[PDB]
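S.K.: Contents of data-v6.txt (compact mmCIF, C-alpha atoms) are below:
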# COMPACT_ATOMS: atom_id res chain seq x y z
CA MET A 1 19.94 20.00 -21.75
CA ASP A 2 17.10 22.41 -21.60
CA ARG A 3 15.29 23.17 -18.32
CA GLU A 4 12.06 21.27 -18.90
CA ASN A 5 14.09 18.12 -19.66
CA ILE A 6 16.42 18.42 -16.62
CA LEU A 7 13.29 18.96 -14.46
CA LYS A 8 11.96 15.76 -16.03
CA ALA A 9 15.05 13.59 -15.17
CA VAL A 10 15.20 15.01 -11.66
CA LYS A 11 11.57 13.92 -11.15
CA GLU A 12 12.17 10.40 -12.63
CA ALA A 13 15.14 9.83 -10.35
CA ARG A 14 13.13 10.70 -7.24
CA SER A 15 10.14 8.56 -8.22
CA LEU A 16 12.39 5.61 -8.97
CA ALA A 17 14.28 5.97 -5.68
CA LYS A 18 13.03 3.61 -3.02
CA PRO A 19 12.89 5.64 0.30
CA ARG A 20 15.54 5.18 2.91
CA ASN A 21 16.20 6.03 6.62
CA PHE A 22 18.44 9.01 5.73
CA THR A 23 18.23 11.93 3.25
CA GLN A 24 19.71 10.57 0.06
CA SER A 25 21.58 13.10 -2.06
CA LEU A 26 21.29 13.66 -5.78
CA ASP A 27 24.43 12.95 -7.88
CA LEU A 28 24.98 14.06 -11.54
CA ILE A 29 26.93 11.68 -13.80
CA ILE A 30 28.41 13.31 -16.95
CA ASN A 31 29.91 11.20 -19.78
CA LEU A 32 32.46 13.02 -21.89
CA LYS A 33 32.82 12.17 -25.58
CA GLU A 34 35.59 13.26 -27.97
CA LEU A 35 38.29 14.68 -25.74
CA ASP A 36 41.94 13.96 -25.07
CA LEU A 37 42.39 13.69 -21.37
CA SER A 38 46.08 13.01 -21.77
CA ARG A 39 46.40 16.73 -22.60
CA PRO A 40 45.74 18.71 -19.37
CA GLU A 41 44.15 21.53 -21.35
CA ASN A 42 41.17 19.24 -21.93
CA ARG A 43 40.80 18.19 -18.24
CA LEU A 44 37.99 20.01 -16.42
CA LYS A 45 38.76 20.93 -12.76
CA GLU A 46 36.48 23.68 -11.57
CA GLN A 47 34.92 25.03 -8.42
CA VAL A 48 31.27 25.73 -9.15
CA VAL A 49 29.20 27.74 -6.73
CA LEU A 50 25.84 25.96 -7.09
CA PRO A 51 23.04 28.69 -6.94
CA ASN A 52 20.84 26.76 -4.49
CA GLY A 53 23.66 25.31 -2.26
CA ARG A 54 24.53 21.60 -1.85
CA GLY A 55 22.20 19.93 0.71
CA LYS A 56 24.32 19.61 3.92
CA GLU A 57 26.89 22.33 4.59
CA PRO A 58 30.57 21.25 4.18
CA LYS A 59 32.99 21.26 7.14
CA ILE A 60 35.64 24.02 6.74
CA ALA A 61 39.04 24.20 8.54
CA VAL A 62 41.02 27.46 8.87
CA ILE A 63 44.77 27.08 9.38
CA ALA A 64 45.77 30.55 10.60
CA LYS A 65 46.75 32.72 13.55
CA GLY A 66 45.89 36.30 14.60
CA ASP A 67 42.63 38.11 13.71
CA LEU A 68 41.92 35.76 10.85
CA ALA A 69 41.92 32.84 13.27
CA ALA A 70 39.96 34.90 15.78
CA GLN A 71 37.24 35.26 13.14
CA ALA A 72 37.09 31.58 12.24
CA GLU A 73 36.71 30.36 15.87
CA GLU A 74 33.95 32.97 16.07
CA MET A 75 32.25 31.60 13.01
CA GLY A 76 32.47 28.21 14.62
CA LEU A 77 34.98 26.91 12.03
CA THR A 78 37.75 24.42 13.01
CA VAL A 79 40.92 26.47 13.72
CA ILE A 80 44.35 24.94 13.43
CA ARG A 81 46.86 27.45 14.79
CA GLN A 82 50.68 27.18 14.17
CA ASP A 83 51.38 25.26 17.35
CA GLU A 84 48.79 22.63 16.59
CA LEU A 85 50.16 22.40 13.02
CA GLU A 86 53.60 21.43 14.31
CA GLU A 87 52.24 18.54 16.40
CA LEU A 88 50.06 17.33 13.54
CA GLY A 89 53.26 16.86 11.54
CA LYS A 90 54.52 14.29 14.06
CA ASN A 91 51.11 12.56 14.20
CA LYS A 92 49.94 10.92 11.01
CA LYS A 93 46.91 9.39 12.81
CA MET A 94 45.45 12.76 13.80
CA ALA A 95 46.43 14.21 10.43
CA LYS A 96 44.52 11.70 8.28
CA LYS A 97 41.58 12.38 10.61
CA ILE A 98 41.33 16.18 10.20
CA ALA A 99 41.68 15.66 6.45
CA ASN A 100 38.97 13.00 6.07
CA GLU A 101 36.69 15.03 8.37
CA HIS A 102 36.81 18.41 6.54
CA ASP A 103 35.65 19.17 3.03
CA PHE A 104 37.46 22.51 2.42
CA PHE A 105 40.67 24.01 3.93
CA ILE A 106 41.61 27.68 4.00
CA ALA A 107 45.10 28.62 5.14
CA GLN A 108 46.53 32.00 5.88
CA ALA A 109 48.77 32.96 3.01
CA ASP A 110 52.13 32.97 4.81
CA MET A 111 51.48 29.64 6.50
CA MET A 112 51.40 27.66 3.20
CA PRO A 113 55.07 26.41 2.99
CA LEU A 114 54.63 25.30 6.65
CA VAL A 115 51.34 23.53 5.65
CA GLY A 116 53.24 22.15 2.60
CA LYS A 117 55.82 20.66 4.96
CA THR A 118 53.59 19.42 7.82
CA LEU A 119 50.04 18.54 6.58
CA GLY A 120 51.13 18.29 2.91
CA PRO A 121 51.57 14.40 2.84
CA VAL A 122 47.94 14.19 3.85
CA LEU A 123 45.89 16.85 2.09
CA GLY A 124 47.80 16.77 -1.21
CA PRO A 125 47.03 13.07 -1.99
CA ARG A 126 43.52 13.81 -0.75
CA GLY A 127 42.98 16.95 -2.84
CA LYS A 128 42.17 19.03 0.25
CA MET A 129 45.17 21.43 0.03
CA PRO A 130 44.19 24.80 1.56
CA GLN A 131 42.98 27.81 -0.36
CA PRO A 132 45.12 30.82 0.66
CA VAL A 133 43.58 34.06 1.80
CA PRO A 134 45.36 37.31 2.85
CA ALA A 135 46.27 37.60 6.49
CA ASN A 136 43.62 40.32 6.82
CA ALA A 137 40.88 38.73 4.58
CA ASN A 138 37.23 38.76 5.81
CA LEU A 139 36.32 35.15 6.00
CA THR A 140 32.55 35.76 5.74
CA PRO A 141 32.33 36.21 1.86
CA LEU A 142 34.69 33.33 1.40
CA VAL A 143 32.89 30.90 3.70
CA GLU A 144 29.60 31.90 2.05
CA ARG A 145 30.88 30.96 -1.40
CA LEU A 146 32.54 27.75 -0.19
CA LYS A 147 29.30 26.53 1.58
CA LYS A 148 27.87 26.24 -1.94
CA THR A 149 31.07 25.18 -3.74
CA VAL A 150 31.52 21.74 -5.30
CA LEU A 151 34.47 20.65 -7.50
CA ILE A 152 34.15 19.21 -11.00
CA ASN A 153 37.18 16.93 -11.63
CA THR A 154 37.66 14.77 -14.79
CA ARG A 155 41.30 13.95 -13.83
CA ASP A 156 42.25 11.73 -16.73
CA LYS A 157 39.01 9.98 -17.67
CA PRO A 158 35.87 10.88 -19.78
CA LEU A 159 33.61 10.65 -16.77
CA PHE A 160 32.66 12.52 -13.54
CA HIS A 161 30.12 12.91 -10.74
CA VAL A 162 29.32 16.06 -8.77
CA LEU A 163 26.67 16.23 -6.03
CA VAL A 164 23.97 18.63 -7.06
CA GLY A 165 21.96 18.47 -3.74
CA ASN A 166 19.61 16.17 -1.74
CA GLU A 167 15.97 14.92 -1.55
CA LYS A 168 14.79 17.84 0.59
CA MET A 169 15.29 20.24 -2.28
CA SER A 170 12.82 21.01 -4.97
CA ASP A 171 13.00 19.73 -8.44
CA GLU A 172 13.39 23.31 -9.51
CA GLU A 173 16.39 23.80 -7.29
CA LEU A 174 18.09 20.63 -8.40
CA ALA A 175 17.33 21.69 -12.05
CA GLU A 176 19.07 25.01 -11.61
CA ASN A 177 21.96 23.24 -9.81
CA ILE A 178 22.44 20.76 -12.62
CA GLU A 179 22.11 23.56 -15.18
CA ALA A 180 24.88 25.42 -13.33
CA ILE A 181 27.17 22.44 -13.77
CA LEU A 182 26.29 21.90 -17.49
CA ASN A 183 26.83 25.62 -18.22
CA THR A 184 30.41 25.09 -17.09
CA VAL A 185 31.21 22.14 -19.44
CA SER A 186 29.63 24.34 -22.10
CA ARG A 187 31.79 27.34 -21.17
CA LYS A 188 35.11 25.45 -21.16
CA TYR A 189 35.13 23.67 -24.44
CA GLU A 190 34.53 25.46 -27.78
CA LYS A 191 32.20 22.89 -29.29
CA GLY A 192 30.27 23.30 -26.03
CA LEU A 193 27.90 20.66 -24.73
CA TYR A 194 28.59 18.49 -27.78
CA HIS A 195 31.14 16.67 -25.62
CA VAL A 196 28.37 15.40 -23.27
CA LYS A 197 27.69 11.92 -24.65
CA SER A 198 24.93 11.26 -22.05
CA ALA A 199 24.17 12.69 -18.61
CA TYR A 200 22.38 11.01 -15.70
CA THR A 201 20.85 12.06 -12.35
CA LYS A 202 20.79 9.72 -9.36
CA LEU A 203 19.81 9.49 -5.74
CA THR A 204 22.30 7.83 -3.30
CA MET A 205 20.45 4.57 -3.52
CA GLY A 206 18.19 5.50 -6.43
CA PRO A 207 18.48 4.26 -10.04
CA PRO A 208 19.98 6.70 -12.64
CA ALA A 209 17.72 8.52 -15.02
CA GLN A 210 19.30 10.30 -17.97
CA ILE A 211 18.58 13.90 -18.78
CA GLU A 212 16.86 13.96 -22.29
CA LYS A 213 19.75 15.35 -24.11
As a first step, turn the structure in this file into structure tokens.
M.R.:
Amino acid sequence: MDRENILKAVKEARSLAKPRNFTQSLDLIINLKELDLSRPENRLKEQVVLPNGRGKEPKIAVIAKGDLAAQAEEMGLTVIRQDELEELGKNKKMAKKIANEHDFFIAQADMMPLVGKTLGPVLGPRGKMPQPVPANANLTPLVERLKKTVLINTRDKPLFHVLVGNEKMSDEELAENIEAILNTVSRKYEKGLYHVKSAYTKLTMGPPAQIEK
């Protein structure tokens, strides 16, 4: 899992991927070996800020009110104010829709029990429960980080995928994105990257090419 060998598997995944009428994204498949995923201390669940971003920007919703919601409308983010949160509670159709349409949710801190009550049946099963920020937080740092945030999640199984980017990125960029994920498996566990049995790269409709080591 050294650079020149990630760069090689990124290149072999591209070359083997028959071109399509959309920009295919590159997925990383990690196989974990020797770990007990019945103990939660061994389950990886991290937010990694990829250095080079993630291909298309993720849609972000801001459940707030006041200045914090004045900033998000300004940034062009989807704003769900308190009033609109109450109606969404009565309407499970419109609630599964906002959830399946946004990648990340940010809620104003004090609105979280009210989001727990109203949108909670939706986002919680979906894993999109909002990240709380102070009522006076500046959303610009936060939204910057989140535009390049993906989420490693083993749940209970020795296997996971993470998107590391798309076709329109260089091999070098996708190398440093994959290396940013691997450096995280390595940081968690004390034997390090010994728990990576095999690791593959793949385009959306490409074949998978394993990273040599």
S.K.: Using all atoms listed in the file, which protein or nucleic acid residues come within 6 Å of residue 13 in chain A? Drop anything in the same chain fewer than 2 positions from it, and give the result as an mmCIF file with C-alpha atoms, keeping the file's coordinate frame.
M.R.:
data_model
loop_
_atom_site.group_PDB
_atom_site.id
_atom_site.type_symbol
_atom_site.label_atom_id
_atom_site.label_comp_id
_atom_site.auth_asym_id
_atom_site.auth_seq_id
_atom_site.Cartn_x
_atom_site.Cartn_y
_atom_site.Cartn_z
ATOM 1 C CA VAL A 10 15.200 15.010 -11.660
ATOM 2 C CA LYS A 11 11.570 13.920 -11.150
ATOM 3 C CA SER A 15 10.140 8.560 -8.220
ATOM 4 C CA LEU A 16 12.390 5.610 -8.970
ATOM 5 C CA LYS A 202 20.790 9.720 -9.360
ATOM 6 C CA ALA A 209 17.720 8.520 -15.020
#
S.K.: Which of these residues is nearest to residue 96 in chain A, using only C-alpha atoms: A:121, A:150, A:77, A:34?
M.R.: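 Using only C-alpha atoms, residue 96 in chain A sits closest to A:121.
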S.K.: Between A:58, A:206, A:51, A:124, single out the one closest to residue 146 in chain A, counting only C-alpha atoms.
M.R.: A:58
S.K.: Determine, counting all atoms listed in the file, which protein, DNA and RNA residues have an atom within 12 Å of an atom of residue 116 in chain A; residues of the same chain fewer than 6 positions away are not included. Present the result as a list in words.
M.R.: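 These residues fall inside the cut-off: residues 63, 85, 86, 89, 107, 109, 110, 122, 123, 124, 125, 128, 129 and 130 of chain A.
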S.K.: Any chance you can output those residues with C-alpha atoms as a compact mmCIF listing (two decimals), in the coordinates of the input?
M.R.:
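Below you can see part-v6.txt, which holds the result:
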# COMPACT_ATOMS: atom_id res chain seq x y z
CA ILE A 63 44.77 27.08 9.38
CA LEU A 85 50.16 22.40 13.02
CA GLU A 86 53.60 21.43 14.31
CA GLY A 89 53.26 16.86 11.54
CA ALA A 107 45.10 28.62 5.14
CA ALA A 109 48.77 32.96 3.01
CA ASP A 110 52.13 32.97 4.81
CA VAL A 122 47.94 14.19 3.85
CA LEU A 123 45.89 16.85 2.09
CA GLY A 124 47.80 16.77 -1.21
CA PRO A 125 47.03 13.07 -1.99
CA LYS A 128 42.17 19.03 0.25
CA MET A 129 45.17 21.43 0.03
CA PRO A 130 44.19 24.80 1.56
S.K.: Considering all atoms listed in the file, state which residue in the set A:64, A:174, A:50, A:205 is at the smallest distance from residue 137 in chain A.
M.R.: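 Looking at the shortest contact to residue 137 in chain A, the residue is A:64.
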S.K.: Determine the axis-aligned bounding box of all atoms of range 2-17 of chain A present in the file, pad each side by 6 Å, and express its centre and edge lengths in Å to one decimal place as AutoDock Vina command-line options.
M.R.:
--center_x 13.6 --center_y 14.4 --center_z -13.6 --size_x 19.0 --size_y 29.6 --size_z 27.9
S.K.: Tell me, as a list in words, which residues lie within 12 Å of residue 176 in chain A, counting all atoms listed in the file; anything in the same chain fewer than 6 positions away does not count.
M.R.: residues 1, 2, 3, 4, 5, 6, 7, 10, 49, 50, 51, 52, 53, 54, 164, 165, 169, 170, 182 and 183 of chain A
S.K.: Show me the residues around (39.1, 17.2, -13.8) - criterion: an atom at most 8 Å away, all atoms listed in the file counted - as a count of residues only.
M.R.: 10
S.K.: Residue 189 in chain A: which residues within 12 Å, counting only C-alpha atoms, same-chain residues fewer than 4 positions away excluded, as a count of residues only?
M.R.: 17
S.K.: Tell me which of A:47, A:21, A:166, A:78 sits closest to residue 145 in chain A, counting all atoms listed in the file.
M.R.: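 Result for the nearest residue to residue 145 in chain A: A:47.
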S.K.: Just give me the gap between CA of residue 210 in chain A and CA of residue 28 in chain A in Å, one decimal is fine.
M.R.: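 Calculated distance between CA of residue 210 in chain A and CA of residue 28 in chain A is 9.4 Å.
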S.K.: Just how far from CA of residue 75 in chain A is CA of residue 141 in chain A, in Å to one decimal?
M.R.: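 That distance, rounded to one decimal, is 12.1 Å.
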S.K.: Using only C-alpha atoms, collect all residues at a distance of at most 10 Å from (45.0, 31.8, 7.4) as written in the file, then present them as a ChimeraX atom specification.
M.R.: /A:61-69,72,79-82,105-112,130-137,139
S.K.: Point out the residue among A:187, A:147, A:90, A:197 with the least atom-to-atom distance to residue 211 in chain A, counting all atoms listed in the file.
M.R.: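 Of A:187, A:147, A:90, A:197, the one nearest residue 211 in chain A is A:197, counting all atoms listed in the file.
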S.K.: Can you sort out range 92-117 of chain A so it carries N, CA and C atoms, written as a PDB file, in the frame of the given file?
M.R.:
ATOM      1  N   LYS A  92      50.667  11.283  12.208  1.00  0.00           N
ATOM      2  CA  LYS A  92      49.940  10.920  11.010  1.00  0.00           C
ATOM      3  C   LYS A  92      48.547  10.376  11.274  1.00  0.00           C
ATOM      4  N   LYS A  93      48.250   9.888  12.478  1.00  0.00           N
ATOM      5  CA  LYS A  93      46.910   9.390  12.810  1.00  0.00           C
ATOM      6  C   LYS A  93      45.908  10.537  12.880  1.00  0.00           C
ATOM      7  N   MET A  94      46.271  11.582  13.624  1.00  0.00           N
ATOM      8  CA  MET A  94      45.450  12.760  13.800  1.00  0.00           C
ATOM      9  C   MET A  94      45.420  13.615  12.547  1.00  0.00           C
ATOM     10  N   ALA A  95      46.393  13.432  11.651  1.00  0.00           N
ATOM     11  CA  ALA A  95      46.430  14.210  10.430  1.00  0.00           C
ATOM     12  C   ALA A  95      45.507  13.592   9.405  1.00  0.00           C
ATOM     13  N   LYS A  96      45.450  12.270   9.230  1.00  0.00           N
ATOM     14  CA  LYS A  96      44.520  11.700   8.280  1.00  0.00           C
ATOM     15  C   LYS A  96      43.104  11.952   8.766  1.00  0.00           C
ATOM     16  N   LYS A  97      42.904  12.170  10.063  1.00  0.00           N
ATOM     17  CA  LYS A  97      41.580  12.380  10.610  1.00  0.00           C
ATOM     18  C   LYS A  97      40.989  13.754  10.316  1.00  0.00           C
ATOM     19  N   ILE A  98      41.780  14.822  10.449  1.00  0.00           N
ATOM     20  CA  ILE A  98      41.330  16.180  10.200  1.00  0.00           C
ATOM     21  C   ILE A  98      40.998  16.338   8.726  1.00  0.00           C
ATOM     22  N   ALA A  99      41.808  15.677   7.894  1.00  0.00           N
ATOM     23  CA  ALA A  99      41.680  15.660   6.450  1.00  0.00           C
ATOM     24  C   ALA A  99      40.416  14.966   5.972  1.00  0.00           C
ATOM     25  N   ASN A 100      40.180  13.737   6.421  1.00  0.00           N
ATOM     26  CA  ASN A 100      38.970  13.000   6.070  1.00  0.00           C
ATOM     27  C   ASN A 100      37.711  13.546   6.739  1.00  0.00           C
ATOM     28  N   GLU A 101      37.844  14.418   7.749  1.00  0.00           N
ATOM     29  CA  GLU A 101      36.690  15.030   8.370  1.00  0.00           C
ATOM     30  C   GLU A 101      36.299  16.388   7.801  1.00  0.00           C
ATOM     31  N   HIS A 102      37.176  17.120   7.093  1.00  0.00           N
ATOM     32  CA  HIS A 102      36.810  18.410   6.540  1.00  0.00           C
ATOM     33  C   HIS A 102      36.721  18.382   5.045  1.00  0.00           C
ATOM     34  N   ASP A 103      35.762  19.088   4.477  1.00  0.00           N
ATOM     35  CA  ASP A 103      35.650  19.170   3.030  1.00  0.00           C
ATOM     36  C   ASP A 103      36.580  20.231   2.437  1.00  0.00           C
ATOM     37  N   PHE A 104      36.618  21.457   2.954  1.00  0.00           N
ATOM     38  CA  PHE A 104      37.460  22.510   2.420  1.00  0.00           C
ATOM     39  C   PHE A 104      38.442  23.055   3.454  1.00  0.00           C
ATOM     40  N   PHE A 105      39.659  23.438   3.048  1.00  0.00           N
ATOM     41  CA  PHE A 105      40.670  24.010   3.930  1.00  0.00           C
ATOM     42  C   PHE A 105      41.021  25.396   3.426  1.00  0.00           C
ATOM     43  N   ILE A 106      41.225  26.325   4.340  1.00  0.00           N
ATOM     44  CA  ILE A 106      41.610  27.680   4.000  1.00  0.00           C
ATOM     45  C   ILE A 106      42.839  27.868   4.861  1.00  0.00           C
ATOM     46  N   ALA A 107      43.941  28.348   4.308  1.00  0.00           N
ATOM     47  CA  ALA A 107      45.100  28.620   5.140  1.00  0.00           C
ATOM     48  C   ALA A 107      45.424  30.071   4.971  1.00  0.00           C
ATOM     49  N   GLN A 108      46.034  30.652   5.983  1.00  0.00           N
ATOM     50  CA  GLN A 108      46.530  32.000   5.880  1.00  0.00           C
ATOM     51  C   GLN A 108      47.706  31.871   4.936  1.00  0.00           C
ATOM     52  N   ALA A 109      47.788  32.881   4.067  1.00  0.00           N
ATOM     53  CA  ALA A 109      48.770  32.960   3.010  1.00  0.00           C
ATOM     54  C   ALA A 109      50.177  32.578   3.434  1.00  0.00           C
ATOM     55  N   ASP A 110      50.747  33.253   4.450  1.00  0.00           N
ATOM     56  CA  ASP A 110      52.130  32.970   4.810  1.00  0.00           C
ATOM     57  C   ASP A 110      52.401  31.641   5.487  1.00  0.00           C
ATOM     58  N   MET A 111      51.347  30.932   5.883  1.00  0.00           N
ATOM     59  CA  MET A 111      51.480  29.640   6.500  1.00  0.00           C
ATOM     60  C   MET A 111      51.531  28.472   5.520  1.00  0.00           C
ATOM     61  N   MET A 112      51.429  28.722   4.204  1.00  0.00           N
ATOM     62  CA  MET A 112      51.400  27.660   3.200  1.00  0.00           C
ATOM     63  C   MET A 112      52.661  26.840   3.000  1.00  0.00           C
ATOM     64  N   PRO A 113      53.920  27.286   3.075  1.00  0.00           N
ATOM     65  CA  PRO A 113      55.070  26.410   2.990  1.00  0.00           C
ATOM     66  C   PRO A 113      55.109  25.529   4.236  1.00  0.00           C
ATOM     67  N   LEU A 114      54.713  26.073   5.414  1.00  0.00           N
ATOM     68  CA  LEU A 114      54.630  25.300   6.650  1.00  0.00           C
ATOM     69  C   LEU A 114      53.503  24.280   6.596  1.00  0.00           C
ATOM     70  N   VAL A 115      52.399  24.524   5.866  1.00  0.00           N
ATOM     71  CA  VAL A 115      51.340  23.530   5.650  1.00  0.00           C
ATOM     72  C   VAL A 115      51.850  22.565   4.584  1.00  0.00           C
ATOM     73  N   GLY A 116      52.692  23.017   3.633  1.00  0.00           N
ATOM     74  CA  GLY A 116      53.240  22.150   2.600  1.00  0.00           C
ATOM     75  C   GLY A 116      54.123  21.064   3.213  1.00  0.00           C
ATOM     76  N   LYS A 117      54.918  21.503   4.187  1.00  0.00           N
ATOM     77  CA  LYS A 117      55.820  20.660   4.960  1.00  0.00           C
ATOM     78  C   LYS A 117      55.149  19.707   5.943  1.00  0.00           C
TER      79      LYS A 117
END
